[PDB]
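The primary structure of each chain is shown beneath.
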There are 2 protein chains.
Amino acid sequence: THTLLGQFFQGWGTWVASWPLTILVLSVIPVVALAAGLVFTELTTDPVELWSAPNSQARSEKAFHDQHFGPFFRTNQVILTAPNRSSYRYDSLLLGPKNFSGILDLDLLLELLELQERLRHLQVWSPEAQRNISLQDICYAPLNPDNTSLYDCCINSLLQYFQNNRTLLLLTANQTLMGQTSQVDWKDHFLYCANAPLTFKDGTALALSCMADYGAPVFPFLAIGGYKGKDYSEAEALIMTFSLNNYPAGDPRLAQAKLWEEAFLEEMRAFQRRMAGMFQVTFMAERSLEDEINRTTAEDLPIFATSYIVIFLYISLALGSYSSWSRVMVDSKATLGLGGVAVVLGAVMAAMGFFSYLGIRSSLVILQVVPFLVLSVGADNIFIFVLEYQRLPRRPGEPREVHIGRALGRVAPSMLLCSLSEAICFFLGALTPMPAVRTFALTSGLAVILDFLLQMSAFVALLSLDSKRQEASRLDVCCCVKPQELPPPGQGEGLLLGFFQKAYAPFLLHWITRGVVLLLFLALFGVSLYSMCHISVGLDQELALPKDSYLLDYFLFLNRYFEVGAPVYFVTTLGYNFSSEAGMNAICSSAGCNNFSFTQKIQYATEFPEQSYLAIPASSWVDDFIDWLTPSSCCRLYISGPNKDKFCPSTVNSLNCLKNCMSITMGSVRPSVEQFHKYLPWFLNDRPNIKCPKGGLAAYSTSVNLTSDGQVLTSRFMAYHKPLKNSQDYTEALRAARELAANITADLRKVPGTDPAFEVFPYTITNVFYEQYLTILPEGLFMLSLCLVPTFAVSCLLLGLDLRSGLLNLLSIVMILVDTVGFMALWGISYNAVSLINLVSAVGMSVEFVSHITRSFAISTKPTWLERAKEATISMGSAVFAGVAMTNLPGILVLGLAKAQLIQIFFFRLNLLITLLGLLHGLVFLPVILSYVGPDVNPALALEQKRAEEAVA
Amino acid sequence: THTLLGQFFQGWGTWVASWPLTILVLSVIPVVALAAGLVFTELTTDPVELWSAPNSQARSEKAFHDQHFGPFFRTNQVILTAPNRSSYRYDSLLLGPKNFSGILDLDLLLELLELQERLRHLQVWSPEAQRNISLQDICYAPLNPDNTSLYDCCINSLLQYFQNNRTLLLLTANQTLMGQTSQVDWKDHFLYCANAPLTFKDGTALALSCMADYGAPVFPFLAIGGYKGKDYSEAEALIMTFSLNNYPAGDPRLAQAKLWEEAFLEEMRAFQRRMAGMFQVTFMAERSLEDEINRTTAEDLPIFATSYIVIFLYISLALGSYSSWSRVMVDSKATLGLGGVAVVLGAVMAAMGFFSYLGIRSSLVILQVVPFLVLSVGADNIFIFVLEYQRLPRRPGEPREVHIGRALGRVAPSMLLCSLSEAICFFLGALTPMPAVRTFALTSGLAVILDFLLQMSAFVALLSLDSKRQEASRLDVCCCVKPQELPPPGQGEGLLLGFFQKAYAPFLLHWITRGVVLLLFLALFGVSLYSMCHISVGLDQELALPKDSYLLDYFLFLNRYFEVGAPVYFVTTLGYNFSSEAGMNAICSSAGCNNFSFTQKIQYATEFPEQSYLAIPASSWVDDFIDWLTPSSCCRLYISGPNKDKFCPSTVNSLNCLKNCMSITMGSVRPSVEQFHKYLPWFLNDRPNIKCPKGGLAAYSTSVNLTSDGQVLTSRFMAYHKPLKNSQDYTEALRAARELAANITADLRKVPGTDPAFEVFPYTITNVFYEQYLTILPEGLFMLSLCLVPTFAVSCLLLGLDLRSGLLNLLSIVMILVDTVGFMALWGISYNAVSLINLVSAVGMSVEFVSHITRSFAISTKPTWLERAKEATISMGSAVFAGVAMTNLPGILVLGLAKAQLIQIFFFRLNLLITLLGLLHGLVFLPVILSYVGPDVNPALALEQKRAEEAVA
Ligand SMILES: *[C@H]1O[C@H](CO)[C@@H](O)[C@H](O)[C@H]1NC(C)=O
Ligand SMILES: *[C@H]1O[C@H](CO)[C@@H](O)[C@H](O)[C@H]1NC(C)=O
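Residues numbered from 1 in each chain as written, not as in the entry; some residues may be left out. Chains lettered and ligands numbered in written order. Heavy atoms only, no water.

- cryo-EM is the method the PDB entry states for this structure, with the resolution given as 3.34 Å.

1. A short note on the overall build of chain A
Okay, so step 1: On a plain count of helices and strands, chain A comes out with 33 helices and 18 strands.
Okay, so step 2: In terms of principal-axis extent, the alpha carbons of chain A reach across some 120 × 60 × 55 Å.
Okay, so step 3: Relative to its 953 residues, chain A shows a buried fraction of 56%.
Okay, so step 4: Of all intrachain contacts in chain A linking residues separated by at least 6 positions in sequence, the fraction that spans at least 24 positions is 76%. (Helix = DSSP H or I, 4+ residues; strand = E, 2+ residues; numbered from the N terminus. Buried < 20%, exposed > 50% of the residue type's maximum accessible area, 1.4 Å probe, protein only. Contact = heavy atoms within 4.5 Å.)

2. Notes on the pattern of salt bridges
Okay, so step 1: For the structure on display, the rule yields 62 salt bridges over all chains.
Okay, so step 2: A salt bridge links B:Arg274 to B:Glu114; the nearest nitrogen and oxygen atoms lie 3.3 Å apart. Within this pair, whereas B:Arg274 is found in helix α9 (residues 252–274), its partner B:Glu114 is found in helix α5 (residues 106–120), the two being separated by 160 residues in sequence.
Okay, so step 3: With a relative accessible area of 51%, B:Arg274 lands in the exposed category.
Okay, so step 4: In this structure, a network of salt bridges that share partners links the residues A:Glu114, A:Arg118, A:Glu267 and A:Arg274. (Salt bridge = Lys/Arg side-chain N within 4 Å of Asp/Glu carboxyl O.)

3. Considering the UniProt feature "disulfide bond" in chain A
Residue and element names in this part refer to chain A.
Okay, so step 1: The UniProt disulfide joining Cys193 and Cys210 is present here, with an S-S separation of 2.0 Å. With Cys193 in helix α7 (residues 186–195) and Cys210 in the loop between α7 and α8 (220–223), the pair connects residues that are 17 residues apart, well separated along the chain. The burial state of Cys193 is the same as that of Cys210; both residues are buried.
Okay, so step 2: Checking the UniProt disulfide annotation for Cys588 and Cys593 gives a sulfur-sulfur distance of 2.0 Å, short enough (under 2.5 Å) to count the bond as formed. Pair check on accessibility: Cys588 and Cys593 agree, each one buried. (Disulfide = S-S within 2.5 Å. UniProt positions renumbered as here; feature names shortened; annotations may be inferred.)

4. Here we look at unusual backbone geometry
Okay, so step 1: For A:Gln163, which is not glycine, the phi torsion reads 55° and is therefore positive.
Okay, so step 2: For A:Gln163, the position within the fold is in the loop between β4 (155–157) and α6 (166–169).

5. Some words on the sheet that holds strand β14 (residues 659–660) of chain A
Residues and elements named next belong to chain A.
Okay, so step 1: Strand order in the open sheet formed by three strands is β13-β12-β14, with antiparallel pairing between adjacent strands. Whereas interior strands pair on both sides, the edge strands pair on one side only; in this sheet they are β13 (647–648) and β14.
Okay, so step 2: Relative to β14, strand β12 (residues 636–637) runs antiparallel, the two sharing two bridges. Each residue of the ladder has a partner; that of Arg636, found in β14, is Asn660. (Pairing = 2+ DSSP bridges.)

6. Observations regarding the state of the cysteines
Okay, so step 1: Inspection of the entire model under this criterion finds 12 disulfides over all chains.
Okay, so step 2: A sulfur-sulfur distance of 2.0 Å marks the disulfide that ties A:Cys588 to A:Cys593. Between A:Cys588 and A:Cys593, the S-S torsion sits near 60°, and that sign places the bridge as right-handed.
Okay, so step 3: The side chain of B:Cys139 participates in a disulfide bridge whose partner is B:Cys153; the two sulfur atoms lie 2.0 Å from each other. Around the S-S axis, the bridge from B:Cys139 to B:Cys153 shows a dihedral of about -65° and counts as left-handed.

7. What to know about the UniProt feature "domain: SSD" in chain A
Okay, so step 1: The UniProt feature table records "domain: SSD" at residues 300–465 of chain A.
Okay, so step 2: Helix and strand shares over residues 300–465 of chain A are 81% and 0% respectively, and the end C-alpha atoms of the span are 37 Å apart.

8. Some remarks on the packing of aromatic side chains
Okay, so step 1: Throughout the structure, instances matching the rule amount to 102 aromatic pairs over all chains.
Okay, so step 2: Centre to centre, the rings of A:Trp15 and B:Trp12 are 5.3 Å apart; their planes meet at 55°, and the pair counts as tilted. Here A:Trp15 is found in helix α1 (residues 2–16), whereas its partner B:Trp12 is found in helix α1 (residues 2–16) on a different chain.
Okay, so step 3: Taken together, the ring pairs in this structure connect A:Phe8, A:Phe9, A:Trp12, A:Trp15, A:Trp19, B:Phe8, B:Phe9, B:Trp12, B:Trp15 and B:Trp19 into an aromatic cluster.
Okay, so step 4: Its guanidinium or amino end placed over the ring of A:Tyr569, A:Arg716 lies 4.3 Å from that ring's centre, counting from NZ or CZ. (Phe/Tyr/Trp six-rings, centres within 6.5 Å; stacked < 30°, edge-to-face > 60°. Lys NZ or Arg CZ within 6 Å of the ring centre and 35° of its normal.)

9. Here we look at the domain arrangement of chain A
All names here are of chain A.
Okay, so step 1: Its domain assignment divides chain A into domain 1 (2–43 + 295–485 + 502–531 + 775–941), domain 2 (75–285) and domain 3 (562–765).
Okay, so step 2: Taken together, the contact between domain 2 and domain 3 spans 16 residues of the former and 13 residues of the latter.
Okay, so step 3: Here domain 2 meets domain 3 over a buried area of about 1300 Å², counting both sides, of which 69% is carbon and sulfur.
Okay, so step 4: If you sort the residues of domain 2 by the area they bury against domain 3, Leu143, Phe200 and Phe221 come out on top, with a joint share of 45%.
Okay, so step 5: Run the count over domain 2 and domain 3 and you get zero salt bridges.
Okay, so step 6: Remark: the boundary between domain 2 and domain 3 carries one residue pair in polar contact.
Okay, so step 7: At the level of elements, β1 (77–79) and α8 are the ones that each hand at least two residues to the side of domain 2 that touches domain 3.
Okay, so step 8: When its residues are assigned to classes, the side of domain 2 that touches domain 3 shows 12 nonpolar, three polar and one charged. (Domains from an automatic or database assignment. Buried area = accessible area lost by both parts, 1.4 Å probe. Polar contact = N/O pair within 3.5 Å; in protein donor to acceptor, adjacent residues only side chain to side chain. Nonpolar A, V, L, I, M, F, W, Y, C, P; charged D, E, K, R; others polar.)

10. Section: a nonpolar patch on the surface
Okay, so step 1: A contiguous nonpolar patch, built from A:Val39, A:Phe40, A:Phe354, A:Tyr357, A:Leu358 and A:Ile360 and spanning about 590 Å² of accessible area, is present on the exposed surface.
Okay, so step 2: On the secondary structure map, A:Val39 appears in the loop between α2 (20–35) and α3 (47–50). (Patch = residues over 30% accessible without salt bridge, like charges linked within 9 Å, V, L, I, M, F, W, Y side chains within 5 Å. Areas by Shrake-Rupley, 256 points an atom, 1.4 Å probe, with all protein chains shown as cover.)

11. What to know about the relation of the copies chain B and chain A
Okay, so step 1: The two copies are related by a screw motion: chain B maps onto chain A through a turn of 180° and a shift of 0.0 Å along the axis, at an RMSD of 0.0 Å. Taken together, the rotation and translation describe the operation of a two-fold axis. The C-alpha atom lying nearest the rotation axis in chain B is that of B:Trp15; the distance is 4.0 Å.
Okay, so step 2: Interface overlap between copies: 90% of the residues of chain B at the interface are likewise at the interface in chain A, consistent with a symmetric, same-surface contact. (Least-squares fit on C-alpha atoms.)

12. Considering the pairing of strand β5 (residues 173–177) of chain A
Here is the key point about a regular strand: its side chains alternate between the two faces of the sheet.
Residue and element names in this part refer to chain A.
Okay, so step 1: Looking at chain direction, β5 and strand β6 (residues 180–184) are connected through five bridges and run antiparallel. Within β6, the position partnered with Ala173 by the bridge is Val184.
Okay, so step 2: A loop of two residues connects β5 with β6, the two strands running antiparallel in sequence, and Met178 in this loop sits at a positive phi of about 60°.

This is the structure in structure tokens:
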């Protein structure tokens, strides 16, 4: 079959080389026709569309939550710090002596208030709507979602304990406690506020409302950070959150939100530049990450394009035999250099163009990796082809077309194998759930296919033309000048083969050396296979940003100073009869309720924050419901008048509704079905007031989805994760949450009237991204195995290699792959979808190092093993080194300047490791193991290649 | 260049034939990969999407009308007739003696009422909505568009003059007129109703309301037909119109309408079958045409597929040399037959599949024409190739691969030319504005391209395999049997070439004959060029339906019995100040108004219905407005009460609104701006009553588009075309309408305050389809010229023919094209987009008849012209006949059984004319004119072909 592939491609080659210009045109036309599709290019920017499997479990849970409770609100945080403010001890006289941190001075808070106020009235032009968009237009309103004003928006900060008032900030009073009088400043109100945030009266000789301005209580962990326990006075960082309403991707209100985000960021930059010796401000925005990941894609693309020039120059200098110093301008192959560069460029542009035509949207990874990775991969074929064509002695009375045909006939099977291996590996790597990596893998696959299809026709035609110009004895590049005069005839023995045959093969295959490299490589494999255990699964968050971003400093401050992570929502699906007694009983935490209930289980889970990643208990609407219906004059019906048995609000103080909400209470308050269905809309729409603090409008406004009938479809329970720092922490948090939710569902399903398809799932904002790393190692190992099977299967058929050769091929690919993973874990590169696609690219690439040497050893006729190993290395080792290694290095070493830590960490470093291990193995380890336990050569492998050359002449 | 093309394709051929199986697989894989896209096939059915240019003027006018006044209402007509009812003379005594037609008997009308009533309450299941859809859900409501009941729908019929009442139908009274008493039946009320349809009291001793049931007046021309003038009593056909509200393509209400249409059609079929000796009923529906054009596409596709079997058998029998009668099962080329059929089938399926993948929607024409037209066109290449390969004597010591290579090298340029000519012509024919013909032309173009690309590789590989089986001396088709025993060696001289050389060339190129055929063809061209003048431009309407359709009988009855065609809407665009005095003055018809105004001009235009296709004057809202504000107690304001100066309706008879609508009137009633803006919404929403008949709600409800401000955006004026029968009539009607509208706009623009972009355009329902035929002859002639230029230009470069040869080629193509148009006009085939694309296909095809003979004469070496003409004909005439003609006939003669008059008229007949003229010209006229004034042969055309054969051996 190998001989038939040789004959086939020889026939094709000798045809194409006979008709160069026509086939050049016939190959250029479709390339331009496909490359024309780059005007249809659309870049996806949102991390949700890039780093999420669309049909995954977390996405289904997100879609459900988004449908039943609206989308998760956007958050625009600002974290301050006092760098050079030590402390000042102060006694409140009612909580004892307290050491107030430097950041909680008066002037610093007045400056924060000034900033907050200036940020409330801040507006954008909004050139779409042509009107000034104020905060009230788009801001998240937990209370009063309609008729929203600048005093009705979700602005969480320490200055919410004074409702954003300068007079209440500068307010002092005199309090006599057990005979001794002292001054009560804002400090005592803050100290009282931090311990119990849901109080309408302070009660420390100051009638100050601890409740927030917008009218829903602010928790201490949302306004201050850096403390440990309940020593809030020692808070090291103030926090300020301008929460905004989120919309689907179609709504222009989202574009208006993004514009307000941009103006917020601008104001925050101005404030950061203003305060130098006072504050150390860091900020973010919902659009910040999307803008930061896609900033460097354009700023660093021109710097990468120089790799093409470096490879052009290298190819031009590494194929031209300069052995006269008078005809260097006749032998330097600049035409083939331009050819090779134009071929790769055509291939990558055609691939991108074709994928743009189908309306498949590109990304940062595609534009920044594909043109250079495909360039590193797709020059080696041509390089080996030209080197073989140069090394072939032309038979007497043979035209150059048949000579080029014969050269292509010799090195076609190896090139086809390498191309097919790379293509297959990329198209199998494309089974990743991440759309970004999927698109990237498919692009690289098609690019390699088109590259090979161009290398077969376009480059062969151009080599035929270049060779024709050589035969006419005309200038190296500028053929128009023609022969200078009478260049002396050129014949050489090769400098590469010279150096190799003199130095390398004698030194490498020395009796002493072979043992040294064999024990060294066995030891290296052993160390690698040990060091594999110290791997870190999961792509990091801040490591996908540029190294000069402000989000780095923000995430530093977040991970350092914050006290609770993202809020988890234990969303209860439909098919639960909450109108029952046992239904409400099994969600309850208070007395007169069953043991180990929903909220009791969450309350118990949050006891050990290490083993279960919840640092705050669940805020349950049903417990606060049964607490609201307690006869404490919260809910009241009219004893007389036109509105008989209708809810009089807690705010009215008239006698006309002195009737309690429900009947006599001796045990536990449990409403009947009618009571439940009647009182639930009254609970959910009762704003909390001074007369009684319980109310559904504060926290549980949109936490229960009610139909027009009055039945509860679905309800969500709010809990806060502990501060999550690493990708491991978040993965462990998701896993622990899911486990707890499943455990809770197991107890909820046993209640009578529960639909068996009823489920509780712990939804968060960062569940869509970090859920893959639960099940990435099995998928990864399966994919690498499914890539290593067909590579070897096809390598043992295309080349026609013996079992011993194919087995050593597979062993070499396994050894390099394990070594790569070992050094990956050793460097400090994590394992994820990007590392996975690069390891699959490594499986695809390693054949270019192994197969050529293996084949060159297989097809031999030297008497003993050592002479075969010697000649095989010299014949191919030289070709494989000069081609593969020195075309891989220029295209990859440029990605070291990426400035986007994602690329610079996961592409440059990993591909460098793969290329150097490829070189080491395929040049040092393979010749020695082939010299030792290589296959037994038979004459009927080389004497069958002559029936293929003259027969198809 | 011809010699280089020969060498190129020789090299390709000798390569492919050396690797048959691999290239067969490599050519089959993409064909199946593209053919797999047939599961994405979507058929367009609506004539609006098939037979309309989307970006045309009429479509822009339609889109505007649809936006500003809603879409044009659907109409479901029913036309009755009394076949065997002579007459009965009857005197009303108030209109004199009248001859009542047989159809206006009592019982027939009672049966029509019964049908109408049964059709009102008729409902569909509607499996989408799962509820019984009644008429009132979707029916067109001119009065009271909301709260619609079965007594609030637009049901125009003769029984609207009695409000669909049995008692009023059977009502008689006694009237004494000038002393003499007589019986007054329904007949006198009908006679009074027909003359003046807008009367609320009859006034012939019967207090019967002549007004319709729904409450808008029914015109005599909408309820009765067959009369001529104002002799309505002699009506020969009753009419019944269930007008339905139209919706855009997205609305499910359209699907509900279509379901009601289907149930209406079912009921009407039941009624037609019921009444045999009483009525002769024909009906239609808005969905009827869409359902009738796309009925035969599936019922007649299997009958067409037999053409493939006929061509398979013909090819199998016409390539196998049977000259032993013992090895007929060794020489009959069944493998090549299956090959050729599989090639064409692959090509057409790949084309359809590729065009289905891009989401381009197919049609009836594609599925019913493409597979068979492409089959007729795309077998000739292969046929000529095999015939040349068979006729070539194999050189001693030459392998079969080089022999097949040489054969392909000989007949590649001609095949490439023919393919390129056909492709170019189809891709230029694709510039038609009709999307159906565009898609068809593009499909045929791509099909021909892929066919040629398959013929180059797949068929050459299969011929190499078939030839290999022949060399091994194995059975014709079932190669598994192998040689029967010892078949005697086969060598022959050809029966075709035998018959040709013995009979044809001596008889044709006889000294006497040549003059006869030359004068005959000159006379034929002359007659054709004369008969071209008697052409009929425009595709007919009913000729696109099957010959067994009910719509044929319906259109017969419509064209026979109807009195007014479709209603024209003189839509006035925005930028007109109707609130002015001169604004209302220039639209007025009544006294106190300017001469030659809008409606006066329409009223004058409808005087001569022949020269201007309007048979009814315009119903103007402004004239009826200024008539409504006349002090005749139609509009009245409250003299006192809470509703001071507010419109009291005409229906109230109280004293509280005795104040007239406007001030004192001595000259002409002309409202001021305030009066206009205040009274216009009162006019448009005043239902007509007995007290005064004028009112805007009757006819002008949706005839004026008013904004929330009160300004008139746009307004439309209703006029009726005269009965339009032919495509010519409709074209002439559109042209006359457009001309009149432009003339009216010329006078309207001169009024002060008119925006210069103000336009009046006469919109109708059938304006979108029949508007092309205004400007189809220039487009057609331009397209044929733009197709004849590059054909000749490429024919003079690819073949390398001399000027004399190329000129005779162009002359022959022009002569056949003129002859085709002559015979087209003579048969009775109209000229349109379908005839145009077929004539462009003829321009593309005719090269297959002309070029081969021309080339075969050009490349010769016989001493005198006559011997060259003789040998050229025999060498190629035989090849061209046997291939082109006898592969064109089987694929085309099957379309004669189309049963869809569109295909059977425009494809079968036209392609038959083209094929027979192609045969006649390319076999009789071309050899004789080449024998007379052919080019002077030079030896350096045949002695340059030997430097190409052994050189590339
Ligand atoms: C909106 O805000 C900008 C702030 O500079 C101001 O100039 C502008 O006048 C404001 N426009 C409106 C419409 O309020
Ligand atoms: C609708 O009409 C059909 C006529 O047969 C009748 O059977 C059915 O009961 C009707 N359904 C309703 C919902 O009125």
